[PDB]
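Listed below, chain by chain, are the residues.
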Amino acid sequence: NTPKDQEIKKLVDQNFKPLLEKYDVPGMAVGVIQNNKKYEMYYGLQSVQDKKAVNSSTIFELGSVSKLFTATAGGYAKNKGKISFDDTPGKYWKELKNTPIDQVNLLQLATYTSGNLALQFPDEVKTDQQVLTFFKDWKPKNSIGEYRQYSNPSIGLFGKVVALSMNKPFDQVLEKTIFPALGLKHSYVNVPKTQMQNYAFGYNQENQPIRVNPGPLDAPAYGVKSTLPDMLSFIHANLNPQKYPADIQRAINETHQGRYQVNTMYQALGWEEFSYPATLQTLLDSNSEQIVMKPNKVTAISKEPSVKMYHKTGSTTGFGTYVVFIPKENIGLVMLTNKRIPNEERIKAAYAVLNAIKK
Ligand SMILES: *[B@@]1([O])OC2=C(C([O])=O)[C]=[C][C]=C2[C][C]1[N]C(=O)[C][C]1[C][C][C]([N][C][C][N])[C][C]1
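Residues numbered from 1 in each chain as written, not as in the entry; some residues may be left out. Heavy atoms only, no water.

By the method listed in its record, X-ray crystallography, this PDB entry was determined to a resolution of 1.59 Å.

As annotated in the PDB entry, the chain is Beta-lactamase from Acinetobacter baumannii. For this structure, the PDB header gives the title as "ADC-30 class C beta-lactamase in complex with taniborbactam". As its UniProt record puts it under Sequence similarities (unreviewed entry), the chain is described as follows: "Belongs to the class-C beta-lactamase family." UniProt's Catalytic activity (unreviewed entry) comment on the chain is quoted here verbatim: "a beta-lactam + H2O = a substituted beta-amino acid". (UniProt positions renumbered as here; feature names shortened; annotations may be inferred.)

Below is the structure:
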């Protein structure tokens, strides 16, 4: 006896709204798409000092959810014949030819199995020449392809090679090719001056206003900004890839293909993948310190899950993101905040909402 849009708003109020007070978060956007119908819920302020309300135009930093766009770009290049995932980086970045890193193939870079690449570049690697020197100085540790360690330099180098194969800077690969193909008109690597008024402040742990700073290969690792409507469209594209031209369709499907497992988690291209229904602990394990911060030996996929779900967390110093979608339920959810909150809370809140929505 209650309209569906009110039912979903109530669920988001019950499970996401309390996080605002609990973590002193200034602003939040939550969206649900179910059976091609979109539901948008905005809370709080995109700028505290300006008393500017979060709304459909608010631009948030996606953090590592940006890696999903990097993976789509690589899937696009691969299916256009510009790269093979068996290639090594020196085929495209010629100065890496005959260096040790040129023994690692593009899939291994994209899925974090070089065997010796940490979460971040060293603090002092900043310039283009310093990034090149860092990879020229790279030497193997663990056997290549056997150990997963979540790594910005790893997928950053993949993104750089994808851009080289397409004869464009990476920011242009997204803003001129991939965002238009996905129908995203309010998504940016670099937010233009004409849109800065819509760029939220992020807020650090002292609730001080901040925004992301430049860093090495930032764009492919964590450098996309977007709005809730654009992120719901992105979820829509992942739920309905057969509604895009052949090259973009195949690119999206590329990001859904599991490549190896670490226990219950399947590493796809950018996306993390799970058998569905997934237990809460399966989803929480994917965010454990053991999985996120340490190397873990990988194993071949044994059960290729017919029914599955995908998710990805992302953070910058001042923003939190979570995206999740379940193809066979034709449903997905996006959470954007301009303050970080624990990944476990994002996963729990989305799990409660998605399981409670009437089918
Ligand atoms: B990305 O968001 O993935 C990620 C997660 C996750 O998946 O939620 C958790 C913890 C770290 C990471 C790394 C990715 N995000 C960043 O790289 C953050 C970025 C790093 C450079 C800046 N350096 C300032 C250090 N105070 C901070 C923002």
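Moving on: the side chain of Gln-108. Along the chain, the position of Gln-108 falls in helix 4 (residues 106-110). With near-sequence residues (within four places) excluded, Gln-108 lies in contact with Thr-113, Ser-114, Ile-144, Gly-145 and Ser-154. (Helix = DSSP H or I, 4+ residues; strand = E, 2+ residues; numbered from the N terminus. Contact = heavy atoms within 4.5 Å.)

This paragraph deals with the pattern of salt bridges. By the definition in use, this model includes 11 salt bridges. Note that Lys-358 and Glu-7 form a salt bridge whose closest N and O atoms lie 2.7 Å from each other. Linking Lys-358 in the segment after helix 13 (343-356) with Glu-7 in helix 1 (residues 4-15), this pair joins segments that are 351 residues apart in sequence. Two residues, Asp-247 and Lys-80, come together in a salt bridge whose shortest N-O distance is 2.7 Å. Residue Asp-247 is found in helix 10 (residues 246-256), and its partner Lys-80 is found in the loop between helix 3 (66-79) and helix 4; the two are separated by 167 residues along the sequence. Overall, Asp-247 belongs to the partly exposed group, its relative accessible area being 22%. Judged by relative accessible area, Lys-80 falls into the partly exposed class, the value being 38%. One salt-bridge network, in which partners are shared between bridges, spans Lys-78, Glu-254 and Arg-259. (Salt bridge = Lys/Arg side-chain N within 4 Å of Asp/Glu carboxyl O. Buried < 20%, exposed > 50% of the residue type's maximum accessible area, 1.4 Å probe, protein only.)

Quick look at the pairing of strand 13 (residues 308-316) now. Within strand 13, seven of the nine residues are buried, which leaves the element mostly enclosed by the surrounding structure. Two strands pair when backbone bridges link them, and strand 11 (residues 272-275) and strand 13 are joined in this way by four bridges, in the antiparallel orientation. Pairing of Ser-275 across the sheet is with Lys-308, part of strand 13. Of the strand pairs in this sheet, strand 13 and strand 14 (residues 319-326) are connected by seven bridges, and their pairing is antiparallel. Its bridge partner lying in strand 14, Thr-313 is registered against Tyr-322. (Pairing = 2+ DSSP bridges.)

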